[PDB]
Each structure stands twice: as structure tokens, then as C-alpha cells.
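For reference, the structure discussed in these notes is given below.
Residue numbers (PDB author numbering), protein chains in the order written: chain L, 14 to 111; chain M, 1 to 87; chain E, 12 to 62; chain J, 16 to 110; chain O, 13 to 132; chain N, 4 to 117; chain K, 4 to 93; chain D, 61 to 209.
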């Protein structure tokens with residue numbers, strides 16, 4: 014099991030779930046490089062929704078991908094995954110808000 | 001000088017959109033930092049439009065987020081882009 | 012005269028910090044249905060002029 | 016304004032940048048300048064240094080060295096390096 | 013450079029690049045001695061001390077001698093427990109420095125703060 | 004002995020700071036301030052300034068490093084350990100752990116000769 | 004006498020206001036202030052006011068420079084003897 | 061805030077609370093002000109490990125808010141369950157399905173939004189001043205007059 018290079022800012026999520034998101038996120042950026050952040054965001058939310066036993070309930074999966082963004086969100090307990098991929102240098106925010 | 005924002009993508013009531021651009025000019029002058037701006041918007045919008053709410057303040061970003069109907073609004077001030085929604 | 016270090020500077024003492032064990036219940040409820048976290052990605056900037 | 020001599024180079028003593036990123040940086044310029052000269056082919060050695068910073072440290076470094084210039088720039092916390100060597104003054108800041 | 017030769021008189025300093033060099037040294041040691049991330053019993057507190065003694069010597073080895081080393085290690089269990097470990101040392105500006113590194117596992121967190129002060 | 008380091012004096016300085024932030028004392032929980040995520044960030048900056056100012060007042064020619072560890076309502080096996088590479092007959096360091104209602108806080112003080 | 008410039012500014016979609024104010028400010032900034040550092044403080048401050056922040060400009064009589072910028076925001080012109088360089092990044 | 065005298069009339073120095081590693085100043089562009097704004101004063105206080113963690117006590121102010129959120133979500137589910145159970149004859153809809161049944165296409169639209177980002181680009185500019193040529197001239201009284209004549 015390999016895991017591509019990444020920087021965690023805040024991970025309030027189980028390790029099993031986080032690892033499974035990063036792998037997809039790396040492959041998904043590698044598919045359409047110099048591609049729009051919403052195109053990568055759309056396909057990433059589809060994956061995490063589509064995969065069974067990934068659902069923690071309450072809100073609905075919603076992913077924000079940027080190079081420069083601050084924020085403040087209300088999310089479900091142990092469901093928020095922030096990370097920044099080192100080769101791409103693009104932060105990825107993924108969570109469920111009730 | 002800071003001229004009034006311009007709403008790109010929006011689903012708000014004629015009364016509400018005014019209250020959003022209101023809170024937007026107050027927030028931008030009070031706090032310098034990009035996270036501190038967001039943090040004000042939400043907590044003000046937790047008094048007027050019920051517990052659940054979310055706010056982002058990005059110079060360059062992109063997304064798709066699931067929002068309650070009539071409780072979404074995206075306004076771009078001069079060279080800064082603020083996205084807020086509900087649940 | 013001026014400031015020189017010929018005097019041995021080697022010796023080392025430790026001390027042991029801790030806290031006192033309490034009750035398991037603690038009368039507190041784990042986590043909140045929702046949770047509020049304000050995540051920046053931008054790095055704090057500072058300007059310096061050099062000529 | 017008060018300069019200082021460390022690792023055979025004349026840097027602004029209060030080291031704006033972290034002292035590891037600064038040491039490795041100055042040493043690479045001195046080992047770049049031992050090969051390519053500033054007088055002849057001075058554009059090349061800047062582009063060599065710029066790419067080097069992006070490899071070992073965070074990306075989008077700006078590199079500015081000259082015998083005479085004056086700049087006011089916005090940079091990140093502890094990501095500003097300004098040092099003289101012989102007569103030539105090397106500025107660079109991460110974004 | 014008379015002002016430079018003067019500067020050596022007032023304070024010899026011997027400013028050995030204290031920040032990231034130590035931060036790299038402590039990081040390399042912590043990973044190896046943490047061993048099992050899962051292990052945070054009550055009998056590992058005594059073992060977490062042993063870690064701290066070893067630490068301070070390797071600070072001496074890593075090109076410090078003339079400096080005066082004081083290290084504080086903190087080893088704790090996390091259960092989404094919100095705590096902030098801040099510090100602030102009264103010293104000579106640009107004449108001393110600090111080194112900090114924090115290692116966060118799944119179930120355990122270990123932070124190592126190292127204070128060095130110049131003496132003549 | 005005008006200058007010199009003393010165990011008691013340092014402990015007294017930290018007590019005053021912990022009291023100055025939220026301790027009327029007097030042997031009764033007259034106040035109760037449970038640990039917010041907002042107030043924690045403020046308290047640290049407040050405590051540390053007050054401790055230094057406290058040490059400063061009686062201060063000799065000793066440098067002073069102070070670290071503030073807070074803990075959210077215990078329930079989590081924490082163990083702090085301190086070692087100082089410093090000549091004995093010169094300096095000594097101390098830590099003092101406090102048990103203030105909901106919030107739990109450990110304060111450390113290093114002493115260095117000048 | 005500014006024989007060779009490099010103009011990489013938008014021009015199209017009435018953004019000539021953001022190229023012309025490079026040549027216009029430079030001339031007013033240089034003659035008055037007459038100090039390399041203080042020029043780079045004036046031109047930057049103006050371009051931030053009008054076209055939003057994260058502009059870096061460097062003014063020198065003789066200098067080398069390689070840099071990363073935002074496409075169609077970088078202009079390099081000689082104002083008289085002096086050689087002014089300004090560009091956006093972030 | 062004290063000063064050390066150094067033995068044998070050395071230059072006096074002192075020891076300041078301020079941490080040196082912390083940046084000198086911190087500058088954060090205001091949009092209202094519309095110009096960069098520098099803050100010489102800094103918090104100058106170093107934190108090794110910060111941790112903000114969900115963990116609340118019985119009868120907080122922050123708990124009461126969390127309870128209200130549950131009670132509102134519950135009330136909406138209860139109404140939505142009861143109304144679907146009242147409208148339909150002997151309804152066997154599970155409470156999980158009723159929630160999924162509460163989130164509609166005309167009660168939770170799902171918009172995508174990005175900002176227009178310019179592509180980054182790395183360029184070189186070398187400025188070399190005009191060449192400077194040595195000139196040697198001699199002037200004597202005759203050479204002046206010779207031209208003059």
C-alpha cells in the first residue's frame with residue numbers, strides 16, 4: 014500500500030478513511046493536470062459518496078479545492094479531512110455539514 | 001475606497017441579499033485576516049438564519065457544495081471571492 | 012578581565028512533571044453533533060525593504 | 016541596516032529567513048558563482064538558483080541580485096534572504 | 013572589518029545555527045524511540061523519561077558546546093482533548109534561539125521543546 | 004548573597020501569576036471558569052506574560068524560559084519531564100503542576116546564569 | 004532610451020488602464036522621490052490600491068532577476084536611465 | 061526588562077521578553093483600507109503544539125446550542141415521518157429513509173463555483189547599463205588657439 018506525498022493541516026477523521034481519500038485525490042489531479050478546481054472537486058465528492066461504508070451520516074459530502082482560501086465551517090464529529098498534496102501544491106477540504 | 005460587491009451566483013430573497021452585502025462590508029474592515037473575516041460572517045449569520053451555516057473567503061479556489069434552497073449566496077468583492085451557504 | 016569559558020559546564024539534573032488521576036465519568040459529554048473549525052491555507056505575510 | 020559576516024558572506028544580521036534555509040541558500044550561490052560568473056552570463060545563474068529553491072524548499076521563490084538596486088517586497092514569515100558577497104547583493108523571498 | 017572584529021569583543025556569540033539543525037536532530041531521534049505509536053500505558057511514562065535523558069546528550073553532539081541546553085519533553089494521550097502548549101523565554105535577542113518539533117500519531121502526541129542560552 | 008537562585012522565590016512567582024489570572028484562593032471554589040477553545044489561546048498569553056513580569060520584579064541577572072502546558076479536563080495520561088545541561092552550583096530549574104477546577108495546567112521555569 | 008522593453012500585460016478587455024498606469028506612475032514616481040527603494044514603495048502601493056494586492060516591483064540601475072508571475076500582469080520598462088520591473092504573484 | 065553590564069567596560073547589552081524567531085512585523089492586506097497594512101507590534105509568543113478538540117461539559121453554554129440543533133433536526137424528521145405516516149395508509153417507512161426522503165432536488169440544490177485564477181509563469185530579465193568608454197584628451201594654449209584661428 015503506497016500513499017502519495019501530502020501535508021496534513023487538520024485531520025478530524027479516522028486514518029482508514031483519510032488514506033482512501035488522498036490516494037483518489039492524487040490519481041484524480043494526475044488525470045486532469047492544469048485542470049479547473051471544480052472539475053476535480055466534483056469527481057472527488059462522487060467517489061467518496063459512491064464508495065460504501067464511507068458514510069458517517071448527518072450532512073452531505075461537499076469538497077472545496079483551492080491554492081489560496083481561508084474559511085470557517087460547522088461539520089459533523091470526526092468527518093472533516095484537510096490535506097495539501099506536495100507535488101500539485103493545492104489544498105483539499107472535504108467534510109459533511111448538518 | 002471599497003465599492004459595493006457584485007453577486008455572481010446567488011439564491012437569496014430581495015430582503016436577505018441586502019443583509020449579506022451589509023455584513024460583508026462590516027466584516028472586511030473589522031478583520032484583516034482571511035480566516036477572521038469568514039469567522040465573523042458565520043457567527044452573525046447564526047443569529048439571523050438558525051444554528052447551521054458555513055462561510056469561505058478565497059482569493060483563488062473552486063468547489064461544489066450542497067446548500068439548502070434560498071440559503072446560498074456567492075459575492076465577489078474587488079479581487080476577493082466570498083462563498084457562504086447553509087447545511 | 013573580559014569573558015572566557017575555562018570553567019567546566021557539564022552537570023545535568025532532571026525533574027518529573029505530572030497530574031493527579033481523577034474519576035472516569037468526569038461529568039462531560041464527548042464531542043458536539045456539529046463542530047466549528049476555521050481553516051486558513053494562506054501563510055502570514057510581512058514586508059521588508061532592502062536597498 | 017546592520018550587516019554581519021557568516022559563511023564567507025555579508026548578510027543582514029537579524030536573519031529574516033530561518034537559519035537552515037539561509038545557510039543552504041548562501042552556500043548554493045557561492046558554489047553556483049564558483050562555476051558561472053555574474054559579469055558574463057548573469058541571467059543563467061539566477062534561473063539556476065530559482066529552480067534550486069523550489070526543489071529543496073516551498074515553491075514560488077523570487078530571486079533578485081544586482082550591483083545596485085532598491086526593492087520593497089511582501090514575503091511570507093521567515094522567507095526573506097538578503098546578503099552581499101564581495102560587491103554583489105543577492106535578494107530572494109518566497110510567496 | 014574593524015566593527016566586525018569589535019562585534020566579536022562585546023559578545024563572542026558563537027551563533028551555531030540553532031533552529032532547524034536541532035529541529036532535524038530531535039525529529040530523527042523521536043521517530044525511532046516512539047517505536048509503537050499505539051503504546052501509551054502507565055508503565056511507558058518511566059520509559060518516556062529515558063527518552064528525555066538520551067535527547068539532551070544528542071543536543072550536545074549536534075554542534076552546540078558553548079551554549080547552555082535546557083530541554084522539556086511532553087508525552088500525552090489524545091481523545092479529541094483540546095490543549096495548547098505555548099512558551100516564551102527571556103534571553104538576548106539574536107544571541108540565543110529555541111528549537112521545537114511535535115510528532116502526532118493516530119492515538120498519541122509527543123512534543124519536544126529545546127532551549128539553548130549562550131554563556132561565557 | 005544579593006544575587007543567587009532560590010526554589011521558594013520562583014514557586015511564589017508562579018503562584019501569584021496563576022492567582023492573578025483566576026485564583027482568589029482562600030480555600031473555597033469562589034470562581035469556576037471551564038476551559039473554552041477561545042479562552043485557552045488568551046489565557047496562555049496572559050499567564051506567561053504575568054509569570055515573566057512576576058519573575059522580572061524580584062529578578063537578578065538570570066535569563067528565564069517559561070513554558071505553559073494546559074490540559075482539557077484531564078482523563079488523558081500526560082507525563083512532562085525536564086532536564087537542564089547546566090552547572091549545579093550555578094542554576095536550578097523547577098516545574099509546578101496546578102489543579103484548577105475543570106482546567107489543568109503545568110508551568111515550567113528554566114534558570115540560566117548571565 | 005528604453006530601446007528594448009518586455010510588455011506581458013492583458014491589453015484586451017479594457018485592462019490598458021492597468022498597463023498605461025505602469026508608464027504613467029513610473030515617470031511621476033522617479034523624478035519626485037529620487038531613491039530606488041522609495042520608488043518600489045510608491046509604484047507597488049498604487050497598483051495594489053487599484054488592481055488588488057500581491058504585486059512585487061523591484062527598481063535598480065543595474066540588476067539581474069529571474070521570477071515567477073501571474074500570466075498577463077508582468078511589465079518591464081526603462082523610465083529614463085532607471086530600469087523598473089513590476090508583476091503580480093498570488 | 062533588565063540590562064546586563066559586561067565585565068571590563070564591554071559594550072552593554074540586555075535581555076528582552078520578545079522571542080527572536082517570531083517575525084519582526086506581520087502585514088495583512090485590508091480590502092476596506094484597499095492598501096497593505098503593516099503591524100510593527102507582534103504577539104511574540106511561541107507555541108510548540110496547539111490542539112483544539114471537540115470536548116464539552118454537562119450544562120455548558122455550547123451544549124445548550126448543540127441540544128437545540130438536535131431538537132430542530134429531530135422535530136423536522138418527526139413531522140416528516142408523522143406526515144408521511146398520516147398521508148399513507150399504515151406506512152412502513154424507516155426513520156433513515158425518511159431523512160433521505162426529506163432532502164429533495166427542490167429543497168437542497170447543489171451549485172459548483174470556482175474563481176478565475178491566472179496561470180503562473182517564470183521569466184528572466186537581465187538589465188546591463190550602457191557601456192562606459194575611457195577617453196584621453198590633452199589641451200594646450202596653442203591647440204585651443206589653432207582651432208580658434
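The beta carbon of each residue, even a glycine, is placed where N, CA and C say it ideally should be.
With a threshold of 9 Å between beta carbons, residue 87/J makes contact with chain E. Residues of chain O with a Cβ closer than 9 Å to the Cβ of residue 88/D do not exist; the shortest Cβ-Cβ separation is about 22 Å. Taking 9 Å as the cut-off, the beta carbon of residue 73/M is found closer than this to the beta carbon of residue 17/M. Proximity of residue 25/L to chain E, defined by a Cβ-Cβ separation below 9 Å, is satisfied. DSSP places residue 66/J inside the alpha helix (DSSP H), whose first and last residues are 57-71. Only those residues of the stretch 35-62 of chain L whose C-beta falls short of 8 Å from the nearest C-beta of chain D are listed: 47, 49, 50, 51, 54 and 55. Taking a beta-carbon distance threshold of 9 Å, residue 73/O does not count as an interface residue toward chain J. DSSP places residue 93/K in no alpha helix (DSSP H); its state is neither H nor E. When C-beta atoms of the stretch 16-35 of chain J are compared with those of the stretch 35-54 of chain E, fewer than three pairs fall below 8 Å, so the two segments do not count as touching. Residue 80/K and residue 9/K have their alpha carbons spaced roughly 7 Å apart.
Rounded to the nearest angstrom, the gap between the Cα atoms of residue 77/J and residue 49/O is 40 Å. Cβ neighbours of residue 65/M within its own chain (closer than 6 Å, five residues either side excluded): 85. Its chain contains 21 as the residues whose beta carbon lies nearer than 6 Å to that of residue 54/K, once the 5 sequence neighbours on both sides are disregarded; these appear in chain order. Closest in alpha carbon position to residue 82/K, among 19/K, 33/K and 71/K, is 33/K. In the same chain as residue 53/J, and ignoring 5 residues on each side of it, the C-beta atoms closer than 6 Å to its own belong to 103, in chain order.
Per DSSP, the beta-bridge partners of residue 109/D are 97/O. Going by DSSP, residue 48/N is part of the alpha helix (DSSP H) stretching over 40-61. Following the DSSP letters along the chain, one finds residue 100/J inside the beta strand (DSSP E) bounded by residues 95-100. For residue 27/E and residue 156/D, the gap between their C-alpha atoms comes out near 52 Å. In the three-state reduction of the DSSP assignment, residue 77/L falls in the strand class, which pools E and B. Remark: fewer than three beta-carbon pairs, one from each stretch, lie closer than 8 Å, so the stretch 48-59 of chain N and the stretch 60-77 of chain O are not flagged as touching. Looking only at 120/O, 106/O and 71/O, the smallest Cα-Cα distance to residue 18/J is reached by 106/O.
Here the stretch 12-26 of chain E makes no contact with the stretch 42-58 of chain M; the two share fewer than three CB pairs at distances below 8 Å.
When Cβ-Cβ separations below 9 Å define contact, residue 24/M makes no contact with chain E.
Remark: C-beta atoms of residue 85/K and residue 46/K do not approach each other more closely than 9 Å.
Between residue 172/D and chain L, the shortest Cβ-Cβ separation is below 9 Å. Across the stretch 78-109 of chain J, CB contacts with chain E closer than 7 Å involve 85, 86, 87, 88, 89, 90, 91, 92, 95, 97 and 106, in sequence order along the chain. The secondary-structure analysis by DSSP pairs residue 81/K across a beta bridge with 86/K.
Looking at the DSSP output, residue 97/N shares a beta bridge with 112/N. Judged by pairs of C-beta atoms under 8 Å, the stretch 62-76 of chain D does not touch the stretch 90-102 of chain J, as fewer than three such pairs exist.
The beta carbon of residue 8/N lies closer than 7 Å to those of 65, 94, 95 and 114 in the same chain, with the five residues before and after it left out.
Residue 33/O and residue 109/D have their C-alpha atoms some 19 Å from each other. When secondary structure is reduced to three states using DSSP, residue 100/L falls in the coil class, being assigned neither helix nor strand.
Membership of residue 75/D in the beta strand (DSSP E) is indicated by the continuous run 73-75.
At a beta-carbon threshold of 7 Å, the residues of chain E lying near residue 88/N are 23, ordered along the chain.
At a beta-carbon threshold of 8 Å, the residues of chain J lying near residue 66/K are 79, 80, 81, 82, 83 and 84, ordered along the chain.
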